[PDB]
């Protein structure tokens, strides 16, 4: 006898359902910040399902990262077989957006694109061609293909970090870096976490367990959010301010902390600019130039209280190192070149309070005060709990208690996100959050610091990526700043009258002084637009301006995609890209310190090709086109570069070395310190941890936490002052009233009564998975907009009624969800459903303009200069207001 039970044989039906003959490693190459390791299961050449591989190496004493994953991810293969797939190259035959196509061969498709690219260069300028492809960390090889293409032919690239509103503008202002953040495992080390405009139950799904686990291990957590969001059901305290008033909350906490002396004086003195001296007459930093013949305008003073004399602090912009290192993309300047110990306080005792007199070069005498003194005075006057209570609607008692708890628990940390980052004045608000961290001394400590989370912006091996995408150098590459590019070319109306904020003058002056780029040059129109790995039209702010003004300037729009998204639907040529499980690519994120990847489980389906292969194939047809059109080589005076189009393919592939996807992936690993040593084979078997990281040591068994090279190794902060700089004495900052952190009320230029909120949903990754049938079945079959019952009832609106939301920019009609946890006075629409989904007109971007805060255009003040994705205007959208009413063309009954 078998030793088998009565019904065992029949049960073979179900065991057969869980079987496979091949198992391969997969990843989901979308902007979600998961970078979740996965296995892909195929049987008889068909992908059957995926499942978390759960094989990230644990660290001692803290929860493992495993399993990660999420609801989109476990149905990711739906986009292999679903009704959305691009199978063949498509050329448009009706009007843009109609979905009227004809199938073309690759030859005809790529030749059309090649003909147009050569003509455009020949007849106009190379910079009238552009490629948009965001978030290289998501899929560095695929990102590098279009970028390398553009790099050799002279097309310009775009920015994404700031365009999306995710670049932490205030942190760059404060710390002189592009950005950095702890990996989420470090949350487990904190005793006190403030979730500040962040909804990780829905927007950090694979990492959220660390939060509830921290709480069970004894941590306290605070949620700060206008609506009672999904995250908030598990926190210990919920604070609910008026939208965009968080600045007042934070400054009042600063006030309490300072007035009650709950702060780390030693830290303030060593690591910030709060001791640096300000002239009472010009309200600028006292500088060495003011006092000494031939003195630096980039060196400063503090008052040393143990010697009763002024002293020049070490490490500011004017202090040069030793040996000078190479520029490091995510730093204002390479302050790593300085020696360890360099800005150690030693036995210095910088004053934080008092007035002092000093004698100028010209002999006359000026009163000076330290920044902290000015800050303290202004806070005592303007940012009491009682005043902030009136503004935010948070009680004065609550604000005080939050303040004391934040400053007493150690470590404490702030976790901020879209809710606080996507506002016009988010730069000043993050400066304020960084002021709170600085005051409590927790920057650079495990479980501490100001930690921002948004999208998949950070690729730790960034030099290996720059090697593959921009091999002749970043300084020999055209970049626009996409927020500016959209604003100008879509001829946006921001509704901000010049006499309030002269956006036009700032923008124009920033460009003609070369602080910010403007592409194309000489006022030419953009003519050719490559879009892939981002749904740029669907997600674009000022969308109605874009469709009406920018889109028709474009002679050719090319979308390369796995699926027909809205951008592709509105394009001229659509090319079929291989699914994530039919391609090879790396996949990384800032949330965890490990290198993920995907590999082919089956050959690319239909006539689809991998992104690397597509731009390689294009390169040949462009060679051919260039020969036909007798335009093979041309001068490019901007870079003193004679380009040879007849050798584009060899340029693309480094004379054939990088013609396979895997060589391109390995080329990346080989060319960064964070990854050199790692092979594709290793990664194929198991996720590997990065060898090193950015602004801290990466230590065995310990979660990364940023900025330790400054906080611990006492290297200077890459700022003008060499510290965490809270005083920015540039003209544009005085103009806006933001030389110091302080409260800036939101833009009310939309003269409509509801604030328009557009947060991210658990049910999609941006536009991707919006149209997934299963995801839609776990909702109400289409896009949604949320209203408080207190606003819906007087308007005659019922749950699931159609509703109409509009302002001067546009209009959207969407079914409503009435939710008690929503705050009255605002509506929330889960961002950017696809245009073709269940909407009677428009989309979430129809009611959003593009707006540019002047402080984000400053490009001539130390660490504030333009570098793509380092600094630039944020595409904010949370200041938007709209009106709402019941749509009456269709009022179905319920049952």
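Numbering follows the first chain given and starts at 1.
Note on 818 to 826 vs 347 to 355: mean CA B-factor is higher in 347 to 355. Per-stretch averaging of Cα B factors for 712 to 720 and 419 to 427 places 712 to 720 on top. When the C-alpha B-factors of 563, 297, 780, 77 are ranked from the entry, the top spot goes to 297. Note on the listed residues 183, 771, 655, 748: the highest Cα temperature factor in the record is that of 655. Remark: residue 287 belongs to the highest third of its chain, ranked by C-alpha B-factor as recorded. Split the chain's modelled residues into thirds by C-alpha temperature factor. Residue 132 is in the lowest one. Ranked by C-alpha B-factor against the other modelled residues of its chain, residue 363 falls in the highest third. Compared with the other modelled residues of the chain, the Cα B-factor recorded for residue 890 ranks in the lowest third. Among the modelled residues of its chain, residue 46 has a C-alpha B-factor that falls in the highest third, as given in the PDB entry.
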